[PDB]
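Engineer: Have a look at this one before I ask anything.
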Amino acid sequence: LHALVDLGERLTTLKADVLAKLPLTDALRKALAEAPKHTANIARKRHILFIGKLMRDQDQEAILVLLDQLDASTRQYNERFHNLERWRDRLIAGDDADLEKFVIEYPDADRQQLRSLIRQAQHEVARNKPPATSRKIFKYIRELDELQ
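See below:
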(Lines of atoms letter the chains of each structure in order from A and count residues from 1; the text may use other names and numbers.)
(Lines give C-alpha, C1' and ligand atoms only; values in the text may rest on other atoms or scores of the structure.)
Protein backbone atom coordinates (compact mmCIF):
# COMPACT_ATOMS: atom_id res chain seq x y z
CA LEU A 1 0.00 0.00 0.00
CA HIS A 2 1.92 3.03 1.32
CA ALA A 3 4.69 0.32 1.40
CA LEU A 4 4.85 -0.34 -2.43
CA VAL A 5 5.06 3.33 -3.11
CA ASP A 6 7.66 3.68 -0.39
CA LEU A 7 9.55 0.80 -2.09
CA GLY A 8 9.08 2.53 -5.35
CA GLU A 9 10.65 5.80 -4.36
CA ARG A 10 13.56 4.09 -2.53
CA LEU A 11 14.45 2.59 -6.05
CA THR A 12 14.57 6.17 -7.48
CA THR A 13 17.43 6.73 -5.06
CA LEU A 14 19.73 3.87 -6.21
CA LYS A 15 22.83 3.76 -8.46
CA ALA A 16 22.10 2.14 -11.85
CA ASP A 17 24.77 -0.32 -10.97
CA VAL A 18 22.61 -1.70 -8.16
CA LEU A 19 19.35 -1.44 -10.23
CA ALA A 20 20.97 -3.40 -13.07
CA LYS A 21 21.20 -6.41 -10.57
CA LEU A 22 17.46 -6.11 -9.53
CA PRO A 23 14.70 -7.94 -11.49
CA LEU A 24 12.72 -4.93 -12.79
CA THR A 25 10.41 -4.96 -15.77
CA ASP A 26 11.44 -2.64 -18.73
CA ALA A 27 8.47 -0.47 -17.79
CA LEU A 28 10.02 0.07 -14.34
CA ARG A 29 13.51 0.68 -15.58
CA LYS A 30 11.97 3.32 -17.92
CA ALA A 31 9.74 4.93 -15.21
CA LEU A 32 12.82 5.06 -13.07
CA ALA A 33 15.13 6.78 -15.63
CA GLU A 34 12.38 9.16 -16.40
CA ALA A 35 11.86 10.03 -12.66
CA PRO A 36 14.18 13.08 -12.28
CA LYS A 37 12.40 14.82 -15.23
CA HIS A 38 9.47 15.20 -12.81
CA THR A 39 10.25 18.42 -10.86
CA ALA A 40 6.64 19.79 -10.19
CA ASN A 41 4.71 18.60 -7.10
CA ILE A 42 1.92 17.21 -9.21
CA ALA A 43 4.32 15.63 -11.77
CA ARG A 44 6.39 13.99 -9.06
CA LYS A 45 3.42 12.58 -7.03
CA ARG A 46 1.83 11.21 -10.21
CA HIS A 47 5.03 9.53 -11.36
CA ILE A 48 5.64 7.94 -7.93
CA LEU A 49 2.08 6.58 -7.76
CA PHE A 50 2.49 5.34 -11.25
CA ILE A 51 5.78 3.78 -9.99
CA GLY A 52 3.69 2.41 -7.08
CA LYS A 53 1.18 0.78 -9.52
CA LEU A 54 4.09 -0.55 -11.52
CA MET A 55 5.62 -2.34 -8.53
CA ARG A 56 2.73 -4.82 -8.77
CA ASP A 57 4.38 -6.32 -11.90
CA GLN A 58 7.57 -7.00 -9.98
CA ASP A 59 8.92 -9.68 -7.79
CA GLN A 60 8.70 -7.60 -4.62
CA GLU A 61 10.19 -10.27 -2.39
CA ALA A 62 13.31 -10.43 -4.66
CA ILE A 63 13.57 -6.67 -4.73
CA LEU A 64 13.18 -6.47 -0.90
CA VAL A 65 15.74 -9.21 -0.36
CA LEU A 66 18.37 -7.40 -2.45
CA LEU A 67 17.69 -4.05 -0.71
CA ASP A 68 18.03 -5.81 2.67
CA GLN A 69 21.49 -7.00 1.47
CA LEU A 70 22.47 -3.43 0.53
CA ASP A 71 21.23 -1.95 3.85
CA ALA A 72 22.92 -4.75 5.83
CA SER A 73 26.22 -4.11 4.14
CA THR A 74 25.85 -0.42 4.93
CA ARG A 75 24.98 -1.37 8.56
CA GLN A 76 28.12 -3.41 8.75
CA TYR A 77 30.06 -0.50 7.35
CA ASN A 78 28.61 1.83 9.99
CA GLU A 79 29.32 -0.57 12.88
CA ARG A 80 33.06 -0.71 11.80
CA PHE A 81 33.12 3.08 11.23
CA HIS A 82 31.81 3.95 14.69
CA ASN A 83 34.07 1.23 16.27
CA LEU A 84 37.06 3.01 14.69
CA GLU A 85 35.81 6.44 15.85
CA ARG A 86 35.75 5.00 19.45
CA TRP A 87 39.21 3.54 19.06
CA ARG A 88 40.55 6.96 17.86
CA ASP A 89 39.02 8.83 20.75
CA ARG A 90 40.15 6.19 23.26
CA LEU A 91 43.70 6.20 22.08
CA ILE A 92 43.95 10.06 22.07
CA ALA A 93 42.34 10.30 25.56
CA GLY A 94 44.23 7.37 27.14
CA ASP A 95 47.70 5.98 27.42
CA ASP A 96 49.88 2.99 26.64
CA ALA A 97 47.38 0.47 28.11
CA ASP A 98 44.95 1.47 25.36
CA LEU A 99 47.59 1.34 22.65
CA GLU A 100 48.22 -2.29 23.77
CA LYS A 101 44.57 -3.24 23.64
CA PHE A 102 44.39 -1.67 20.17
CA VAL A 103 47.34 -3.62 18.82
CA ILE A 104 45.97 -6.85 20.26
CA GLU A 105 42.85 -6.30 18.07
CA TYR A 106 45.17 -5.10 15.13
CA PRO A 107 48.56 -7.04 15.67
CA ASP A 108 49.86 -5.72 12.33
CA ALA A 109 49.68 -2.08 13.52
CA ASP A 110 53.02 -0.20 13.32
CA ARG A 111 53.30 0.55 17.04
CA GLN A 112 55.93 3.21 16.70
CA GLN A 113 54.01 5.17 14.06
CA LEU A 114 50.75 4.95 16.04
CA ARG A 115 52.58 6.01 19.26
CA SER A 116 54.09 8.97 17.41
CA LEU A 117 50.64 9.86 15.99
CA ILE A 118 49.02 9.65 19.49
CA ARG A 119 51.65 11.89 21.10
CA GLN A 120 51.23 14.56 18.39
CA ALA A 121 47.36 14.46 18.71
CA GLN A 122 47.51 14.58 22.57
CA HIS A 123 49.80 17.62 22.21
CA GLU A 124 47.35 19.32 19.78
CA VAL A 125 44.59 18.57 22.27
CA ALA A 126 46.55 19.93 25.22
CA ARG A 127 47.86 22.98 23.45
CA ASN A 128 44.42 23.53 21.77
CA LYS A 129 45.60 23.30 18.13
CA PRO A 130 43.45 22.30 15.08
CA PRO A 131 43.09 18.64 15.77
CA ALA A 132 44.79 17.47 12.46
CA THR A 133 46.62 14.47 13.78
CA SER A 134 43.41 12.90 15.08
CA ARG A 135 42.09 12.86 11.50
CA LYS A 136 45.46 11.08 10.57
CA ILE A 137 44.91 8.50 13.30
CA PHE A 138 41.31 7.84 12.06
CA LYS A 139 42.78 7.49 8.57
CA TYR A 140 45.58 5.06 9.62
CA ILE A 141 43.25 2.88 11.67
CA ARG A 142 40.71 2.76 8.82
CA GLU A 143 43.61 1.44 6.69
CA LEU A 144 44.31 -1.31 9.29
CA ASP A 145 40.52 -2.29 9.36
CA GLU A 146 40.48 -1.97 5.61
CA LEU A 147 37.48 0.29 5.94
CA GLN A 148 37.40 1.15 2.26
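Residue 22 is where the sequence shown starts when you use full-length UniProt numbering, and the numbers rise one by one after that.
Don't be surprised by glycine CBs; every beta carbon is placed ideally from N, CA and C.
1) Between the alpha carbons of residue 40 and residue 101, how many angstroms are there, rounded?
2) Take the Cβ of residue 109 as the centre, count every other Cβ of all protein chains shown within 10 Å, and call the residue buried at 16 or more, exposed below.
3) Alpha helix (DSSP H) containing residue 157: first to last residue?
4) In terms of residues, what are the limits of the alpha helix (DSSP H) holding residue 59?
5) Please classify residue 94: is it buried, with 16 or more other beta-carbons within 10 angstroms of its beta-carbon, or exposed?
6) With DSSP as the reference, label residue 149 as helix, strand or coil.
7) Going by DSSP, what residue range makes up the alpha helix (DSSP H) through residue 79?
8) Among residues of its own chain, excluding the 5 on either side of residue 144, which ones have a beta-carbon nearer than 6 angstroms to its beta-carbon?
9) Run through DSSP, which three-state label would residue 131 get?
10) Could you pull out every residue in the same chain whose Cβ sits closer than 6 angstroms to the Cβ of residue 46, ignoring the five residues on either side in sequence?
11) Below 8 angstroms on the Cβ atoms is my guess for residue 72 versus residue 29; work out the distance and round it to an integer in Å.
12) In whole angstroms, what separates the C-alpha of residue 155 from that of residue 113?
13) Check this for me: beta carbons of residue 48 and residue 75, under 8 angstroms apart or not?
Structural biologist: Answer, in terms of the structure:
1) Between the C-alpha atoms of residue 40 and residue 101 there is a straight-line separation of about 26 angstroms.
2) By the 10 Å Cβ count, residue 109 comes out buried.
3) From DSSP, the alpha helix (DSSP H) with residue 157 extends over 153-166.
4) For residue 59, no alpha helix (DSSP H) encloses it, and the DSSP letter there is neither H nor E.
5) Classification for residue 94: exposed.
6) Under the three-state reduction of DSSP, residue 149 is assigned to coil, being neither helix nor strand.
7) Taken as a continuous stretch (DSSP letters only), residue 79 belongs to no alpha helix (DSSP H), as it is neither H nor E.
8) Nothing meets the Cβ criterion.
9) The answer is coil: DSSP assigns residue 131 none of H, G, I, E or B.
10) Hits under 6 angstroms: 78.
11) Right, the Cβ-Cβ distance comes to about 4 angstroms (below 8 angstroms), so this counts as a contact.
12) Between residue 155 and residue 113, the C-alpha separation is close to 8 angstroms.
13) Yes, these two residues count as a Cβ contact at 8 angstroms.
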